[PDB]
Amino acid sequence: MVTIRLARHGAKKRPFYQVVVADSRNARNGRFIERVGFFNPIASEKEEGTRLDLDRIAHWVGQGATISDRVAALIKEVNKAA
Amino acid sequence: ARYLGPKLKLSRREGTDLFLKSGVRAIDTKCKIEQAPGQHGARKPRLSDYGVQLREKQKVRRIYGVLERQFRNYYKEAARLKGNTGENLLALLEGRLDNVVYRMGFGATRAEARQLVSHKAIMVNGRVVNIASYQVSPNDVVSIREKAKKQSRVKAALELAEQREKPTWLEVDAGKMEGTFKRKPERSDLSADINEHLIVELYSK
Amino acid sequence: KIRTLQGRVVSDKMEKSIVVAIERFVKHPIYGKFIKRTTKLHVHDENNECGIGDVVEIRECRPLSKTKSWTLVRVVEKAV
Amino acid sequence: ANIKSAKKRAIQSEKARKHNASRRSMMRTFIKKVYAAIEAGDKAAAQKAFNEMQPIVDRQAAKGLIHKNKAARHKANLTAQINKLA
RNA sequence: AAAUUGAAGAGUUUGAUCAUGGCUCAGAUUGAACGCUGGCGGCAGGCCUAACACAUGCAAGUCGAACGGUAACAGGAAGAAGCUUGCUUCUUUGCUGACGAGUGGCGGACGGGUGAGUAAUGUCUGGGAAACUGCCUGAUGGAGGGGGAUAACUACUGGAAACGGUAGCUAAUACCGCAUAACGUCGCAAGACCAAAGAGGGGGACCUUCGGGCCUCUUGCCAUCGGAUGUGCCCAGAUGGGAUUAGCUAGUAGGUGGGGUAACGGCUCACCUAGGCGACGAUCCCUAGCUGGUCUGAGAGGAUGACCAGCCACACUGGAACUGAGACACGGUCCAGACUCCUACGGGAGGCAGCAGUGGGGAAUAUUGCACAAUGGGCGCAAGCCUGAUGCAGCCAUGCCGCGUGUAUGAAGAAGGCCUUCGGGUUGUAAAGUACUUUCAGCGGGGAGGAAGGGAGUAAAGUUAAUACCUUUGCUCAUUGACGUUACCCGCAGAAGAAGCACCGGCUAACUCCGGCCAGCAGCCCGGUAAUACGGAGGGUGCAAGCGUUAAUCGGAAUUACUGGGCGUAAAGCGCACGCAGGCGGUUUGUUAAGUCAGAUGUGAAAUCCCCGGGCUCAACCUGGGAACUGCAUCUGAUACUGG
């Protein structure tokens, strides 16, 4: 199915995830349909590390796209903070 | 990655004082400055165009103590930046951390200033920065750490700097052993005996 | 309103089909000269309405044989 | 095979192959009956064979042996061939 | 606001000159190799050759909430106790927590590897119609009632093994009818026809044949129409060289009809017509994965396609199908071949171009490592299990980047070395001496972040007949890290553990002494007895944990000249002419809007390049946003020029 998940970009020991909408059969960092945000897990709290568009995410979830557990937690925290 | 050999040899080869010694004497009393190094130093051969360009580049490098890879990257970034390439290059050279520490007065020479920086005795905005090539930005505050304020090296350097000229872009307090980088120096603030266009022509050929 | 082409009929010996040559004016990618280029298409001509030399208007459709994927729309000029 | 799942898959695949072969041969026979009735020109026998062939063809198309498109093709072809006689 | 601000020459033909013209050099770059040398770290990269052959270990499993079950270990158990009476130690029970084997479901078509084949059966760009699509998702309905088997198991038995055979028994969400049947299929229509499956949680009473039926919730099942995704198919243009390859083609081109496919189609067959491709290079031959991109360049171009991402092809060689939504299937099946191995000689088994690794080839490319902690994947209600993907670690200076190998003072300028007009000069503040410091490495002590979740509790809401069960939402408690002795910080001691390589005739920065066209050097133009060119020494120059040589691409090379060259004598006007294809074409009007131009829309994947910022102590690196992607198609206009 179509899933919304993270693609682990970045450097060694300093990950940077791109929230991508991708067909669940492709590789992690492989072919994806649309990038709907990012997530920097080692942000300094001085800057922003969660800029995932909720509009297109909700549009895709409305079309049957699946949300991974980490992306679900990210959406929950983004809704709580904002 | 460092030049550790004789210092006055460089100033004798360049025919100009490179401030490679503290200043307890005049260089004329320590070496034959007007004579090139080596057995054939009395002769002065006619320099080519490439000779003059290379000698000016080497003079700037030996002034700032920068090796060739870092200086080439400096020229690359200066040619990338907008404006005149030469003053961009000299500003990038003056922005270094050890250069500022020397100009601030905490180092008698840029070698001992680089030793102060590298040995984790210099702070930038309260954060100990031990990179000599660290680009110091405007409004930055550079200070000696609490543990290194007890060294007589810094005292002698402070005195030797008080007997020098004062740079316009540095607000230093010798008591607190701290200073502020107000701004990048314009072309008119550095030495006038440095032809940046020679380096630009050498690196653009 | 439908996307179509236009060319001259160079062969009609086959039954229910014609060969239309679409000539186009393309600039040379290197030397900048505008050169002629010919695109010959096997077009389906039901009723055998088109003769050699007709300037015909054709459109693309589903494959009708091994080499025919275009069909005729109308004839503009008729072999004279 | 080296993996256990591969061995079980081979066993299941040959069992399903035999089952599908039986079903496909039955369907092919019941369609050949309609085709032979078409050849003979017997329209009553042709419609009888078509009425016998239609349900099992729909059933095998519904059970996943053949596609619904193939069942529709068979039905339409044999209907158009029967209508060419009477 | 920014995101094209970009272009260097030199040596060598001559006694000398100008021109022509080739050769060579100065610049970047690399999946590099070799020689000398070698301190640390961060980030990346690492069989380019034999798509040669492979020892060994792992790389795809999962579900008891589908099913009969119980073989193993943990418990409950009824009954018999060694007896040191509160340890109770073995006889039987799937009773349950679970679970080997087995049926069944899903997954093994993903993820991972290689570039052999492929010059268009592929790729890129832009369009299109005649299609299917498991899991995910929206809507509407249904989900009734039966049957025959079969694995396991049991008994016997054939084999060295691999693996079977016979007879009997049993279950299901396995299999098969029946009923049902429409906005589904066939048909113009009438009508005809087609499906299914249960399981789990809890429970108030009513009724129980003591299993439970009965209620509710969750989940699963079947049919149809959609969405999303993926895939199949078609057209145009582009995508190497060779004419010392010019003709090619019989299912060949088209048509009618039958068949076939999920789908159009010579996809296939019968018949008929006689066509189709080709000088805009068909056919044939050699080479080759394609692209975003990378290197170079001022640009146009030239070269190239390793890592990263998309597409394709392959899986020992050749062929084929089966299952399945999807394969003609790396770790599936059948056959044939070569090869290797086991054998009781009758038969068997295997495919590292998965991760390590071995032999071989080569100038050359690494560990038979740790963990599923994070991301993702498969299965499962979930817990969870599996995952050589992946996260990390090991090795290599292979590259980029950063830091260190100390700092200050230090003379009549010591010694030795080298040169010397023998005065001295230089090595050279260089050393020694003195004062100071401790980055990195060494020893010891603290110590983030990658960690989200998941579990158990309670409380609220929803659901319900129910204050159970379940779902969501708060809070509480105890936990989850391979890296790892982390990054980072703090303390100790002592300059203590850390500089080499090439060059010095000109091009090209850097000069003297000593030893015979020999030894030797040489990228292009020295050595025949005072050689700045050989070899050594002193000195100096350039780079620096690197330095050189070799190999390769572009530049310089305007030296294939589109931008941007020439042909009287330097290479170059066919011996001359006629002339088909082709190229170009006097002048006016009208018309068209093909070239051309303008605007808009769609697209031009992400990464990369560039600009402004942000985070790593800086940098490399990572990253936010923008610009760019100079292209193609469509639509609407313009009519000067070219074309009709």
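Reckoned from all heavy atoms, side chains included, excluding hydrogens, waters and symmetry mates. Letters A, B, ... mirror the listed sequences (proteins, then strands); counts begin at 1.
- The base of E:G104 does not engage E:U589 as a Watson-Crick or G-U wobble partner with both distances under 3.5 Å.
- Checked against E:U407, E:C483, E:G260, the side chain of A:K13 finds its nearest nucleotide in E:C483.
- Taking the side chain of C:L41 as heavy atoms from C-beta on, and the options E:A236, E:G310, E:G474, the nearest nucleotide is E:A236.
- Annotated as not stacked: the bases of E:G447 and E:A448, by the 5.5 Å centre and 30° plane rule.
- Annotation: B:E146, atom CD; neighbour count of heavy atoms from other residues, nucleotides and ligands within 6.0 Å does not exceed 12.
- A:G64 comes within contact range of at least one nucleobase, with a heavy-atom separation under 4.0 Å.
- Of the candidates E:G331, E:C322, E:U333, the closest approach to any side-chain atom of D:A10 belongs to E:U333.
- For the pair B:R153 and B:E112, the salt-bridge criterion is not met [side-chain N within less than 4.0 Å of a carboxylate O].
- Within 4.0 Å (heavy atoms only), B:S204 reaches at least one base atom of the nucleic acid.
- For a distance-only test at 3.5 Å, the side chain of D:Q60 fails to qualify as a donor-acceptor partner of the base of E:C194.
- For the criterion of Watson-Crick or G-U wobble pairing, both bonds shorter than 3.5 Å, the nucleotides E:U14 and E:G369 do not count as partners.
- Donor-acceptor pairing under 3.5 Å, judged by distance alone, is present between the side chain of D:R9 and the base of E:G107.
- Judged by atom type and distance alone, D:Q54 reaches the base of E:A192 through a side-chain donor-acceptor pair under 3.5 Å.
- By the Watson-Crick or G-U wobble test, with both distances required under 3.5 Å, E:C503 and E:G117 do not count as a base pair.
- Out of E:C611, E:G428, E:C440, the shortest distance to the side chain of B:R12 is found at E:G428.
- Remark: the bases of E:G497 and E:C440 meet in a Watson-Crick or G-U wobble pair, both edge contacts within less than 3.5 Å.
- D:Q47 comes within 4.0 angstrom of no nucleic acid atom, judged by non-hydrogen atoms across all strands.
- The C1' atoms of E:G107 and E:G134 are separated by 11 Å, rounded to the nearest whole Å.
- Here B:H40 does not pack flat against the base of E:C511, since the 5.5 angstrom centre distance and 30 degree tilt limits are not both met.
- For A:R31, the side-chain atoms get nearest to E:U231 when compared with the rest of E:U231, E:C618, E:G377.
- E:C222 sits 49 Å from E:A116 when the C1' atoms are compared, rounded to a whole Å.
- Going from the P atom of E:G538 to that of E:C418 covers 9 Å, rounded to whole Å.
- Applying the 3.5 Å cutoff to both bonds, E:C379 and E:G384 register as a Watson-Crick or G-U wobble pair.
- Base-pair annotation: E:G462 with E:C470 meets the Watson-Crick or G-U wobble criterion (two N/O distances, each under 3.5 Å).
- Here the side chain of C:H42 is nearest to one of E:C277, E:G406, E:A129, namely E:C277.
- Within 3.5 Å, a donor on the side chain of D:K8 pairs with an acceptor on the base of E:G104, or the reverse.
- In this structure, E:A303 forms a base pair with E:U294, meeting the Watson-Crick or G-U wobble definition at 3.5 Å.
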Please list, one pair per line, the donor and acceptor atoms closer than 3.5 Å that link side chains of residues 32-52 of chain B to other protein atoms, with sequence neighbours excluded.
none

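- Checked against E:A236, E:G624, E:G377, the side chain of C:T39 finds its nearest nucleotide in E:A236.
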(request) May I have the step-by-step check of side-chain hydrogen bond (donor to acceptor under 3.5 Å, both in side chains) for D:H19 and D:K15, ending in yes or no? (result) CA-CA 6 Å; D:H19 190 262; D:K15 158 192 291 190; over 6 Å; no
Without placing hydrogens or testing angles, list every side-chain donor-acceptor pair under 3.5 Å for residues 76-86 of chain D, not counting sequence neighbours.
residue, atom, partner, partner atom, Å
D:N77, ND2, D:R73, O, 3.0
D:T79, OG1, D:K75, O, 2.6
D:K84, NZ, D:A80, O, 3.2

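- Not a single donor-acceptor pair, N or O on each side, falls under 3.5 Å between the base of E:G614 and the side chain of A:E47.
- Residue A:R25 is in base contact, counting any heavy-atom pair closer than 4.0 Å across all strands shown.
- Using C1' as the reference atom, E:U438 and E:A498 are 15 Å apart when rounded to the nearest Å.
- Residues D:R24 and B:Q35 both approach RNA chain E. Their nearest nucleotides, taken by heavy-atom distance, put D:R24 toward the 5′ side.
- Residues E:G442 and E:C492 show canonical Watson-Crick or G-U wobble pairing, with both defining distances under 3.5 Å.
- The environment of B:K76 atom NZ is dense: over 12 non-hydrogen atoms of other residues, nucleotides or ligands sit within 6.0 angstrom.
- In this structure, the nucleotide among E:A430, E:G177, E:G402 sitting nearest to the side chain of D:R23 is E:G177.
- In this strand, E:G148 sits stacked on its neighbour E:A149; the base ring centres are under 5.5 angstrom apart and the planes under 30 degrees.
- A donor N or O paired with an acceptor N or O is not found under 3.5 Å between the base of E:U439 and the side-chain atoms of B:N130.
- Evaluation of atom-type donor-acceptor distances gives no pair under 3.5 Å for the side chain of D:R17 against the base of E:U323.
- For C:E60 and E:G127, a side-chain-to-base donor-acceptor distance below 3.5 Å is present, hydrogens and geometry of angles not being considered.
- A Watson-Crick or G-U wobble pair joins E:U367 and E:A393, with the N1-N3 or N1-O2 distance and the second distance both under 3.5 Å.
- In this structure, E:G76 is classed as anti because its glycosidic torsion departs from zero by more than 90°.
- In terms of polar N and O atoms assigned as donor or acceptor, the side chain of D:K75 comes within less than 3.5 Å of the base of E:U185 in a complementary pairing.
- With respect to the salt-bridge test (charged N to carboxylate O, under 4.0 angstrom), the residues C:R8 and C:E23 do not qualify.
- When rounded to the nearest whole Å, the span between CD of D:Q81 and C1' of E:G260 equals 14 Å.
- When the shell of 6.0 Å around NZ of B:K147 is examined, it contains more than 12 heavy atoms from other residues, nucleotides or ligands.
- E:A389 and E:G113 are spaced 7 Å apart, taking the P atom of each and rounding to whole Å.
- Across E:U508, E:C176, E:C611, the shortest atom-to-atom separation from the side chain of B:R80 is found for E:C611.
- Using the rule of two distances under 3.5 Å, E:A356 and E:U56 count as a Watson-Crick or G-U wobble pair.
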